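Given next are two forms of a protein chain, the same chain in both, each as structure tokens and marked structure 1 or structure 2.
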Structure 1
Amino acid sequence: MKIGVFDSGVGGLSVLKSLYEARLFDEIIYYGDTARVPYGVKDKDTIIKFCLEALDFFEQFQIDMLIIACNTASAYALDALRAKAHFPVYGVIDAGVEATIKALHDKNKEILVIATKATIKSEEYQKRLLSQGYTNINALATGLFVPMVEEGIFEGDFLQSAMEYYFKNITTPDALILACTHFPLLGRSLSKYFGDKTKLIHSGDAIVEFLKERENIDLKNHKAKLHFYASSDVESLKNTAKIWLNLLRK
């Protein structure tokens, strides 16, 4: 089982970590479009175009399956990606919704979706939740979280002001969907901001359960062999990857 993992840049490592630790695969190819990141503040057409180029890049690897780690790309490009690919392609949005339903199991509970501008604008989360009868939803772009995470700001007064700027006079949700690859890095601060009543829905953990229910995968004895590629400064991606996944252990 050799799969591909696509993200707009470095943030998708949160999803990779999930897939890595779940021990589902022999081998994983991670590609980050670091030369053109972010996607979240750009337009639909551009996002779809960039995703198709990524699929082109993965053509050289003989992968059995492609996971779109990026929520933004998952929001707009799945249709095109699936029309072109001849192997299963999965995004994280569908998975995120069902993990939310599984966490709450009560259509009356309150849900907050936080993501990039483009992901929110797609209304893809909203659409899936509503169709399942979950109508107590709020969707909110919190875009500054991405470059803050990338600058290594995961807590403190700077981040507090960021949350208060985004979360002023909004209600505390029974669940918040971390609908952005970067957001698990802010998991503790977010949870501290909202309190323990709010369940955090993690996209990476979500896609893992999603695959386990959809596929028949034996749990591996050994960790997958990881491969890192990037459109720019691949060593920087690898450096970040080493820190976030801790690829320095035994």
Structure 2
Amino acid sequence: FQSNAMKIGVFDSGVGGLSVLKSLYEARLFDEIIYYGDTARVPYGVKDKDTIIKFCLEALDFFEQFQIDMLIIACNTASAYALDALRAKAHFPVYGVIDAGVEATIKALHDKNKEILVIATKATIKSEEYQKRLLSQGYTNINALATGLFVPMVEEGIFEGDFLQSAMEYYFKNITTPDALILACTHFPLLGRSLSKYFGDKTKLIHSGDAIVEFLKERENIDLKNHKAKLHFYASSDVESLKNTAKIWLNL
């Protein structure tokens, strides 16, 4: 089977990038998407920079046999550090989650003095990348906060209830209700309904998936497809467990 259109690949460390994969799939911008997840070596925030890079390079070598038009890095950690040596080795546009999220935040605020909150893993925060960027463009009212416990709550299917509420109430103790909240972790889009309901209408949720859909439109020549795209899933370890949560998060 060969047709004349665009085939791309999505790479996250674990299963978080499935939420990103969701938004891309609903868009119908491609005909085939290749999801790979290095689930053997999860998570990536633990390692130093050089090892993440040598790890991300091993994923590129993987994507070569498929020969894709564009590669998307769904890991905020990999996006921070590895999104460069990939380009010094790729023959095709390789993009990441951070800028799309930042740009989508700015466009949605257009107001330098508005209140921005950005939640993520401990590793995503320490890199300061989202911060280093939003400041450069003159946005002043910003705080960044590590809410790492949301990740295993997502993986155990906790999306609602007093327990999740107790978690939000815990993490968000004496916190300014922001105008826009950024989800700098790929698991977090699974808790959005609870968070907005918790934060209220004032807070505008910046979806990493939705931020990159609008992002690629700005940067690339894209056609909307009549037919829905074809999914492929690949994992370092335990592929079928990924395929499950894939069906769960999306309902194919």
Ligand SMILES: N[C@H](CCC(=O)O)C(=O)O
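Here, a residue number simply tells you its place in the sequence of structure 1, counted from 1. For the two forms, the rigid core is made up of the largest set of C-alpha atoms that agree within 1.5 Å on superposition.
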Pick the form deposited with the ligand bound out of these two and give me its number. 1
With both forms fitted on the core, give yes or no for whether the Cα of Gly40 moves by 2 angstroms or more between structure 1 and structure 2. yes
Any chance the CA of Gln160 moves 2 angstroms or more between structure 1 and structure 2, core superposed? yes
Once the rigid core is superposed, tell me how far the Cα of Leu81 moves between structure 1 and structure 2, in Å to one decimal. 1.3
Aligning on the rigid core, one finds that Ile170 shifts at its CA between structure 1 and structure 2, in Å, by 2.6
Core-aligned CA shift between structure 1 and structure 2 for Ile93 (Å): 0.3
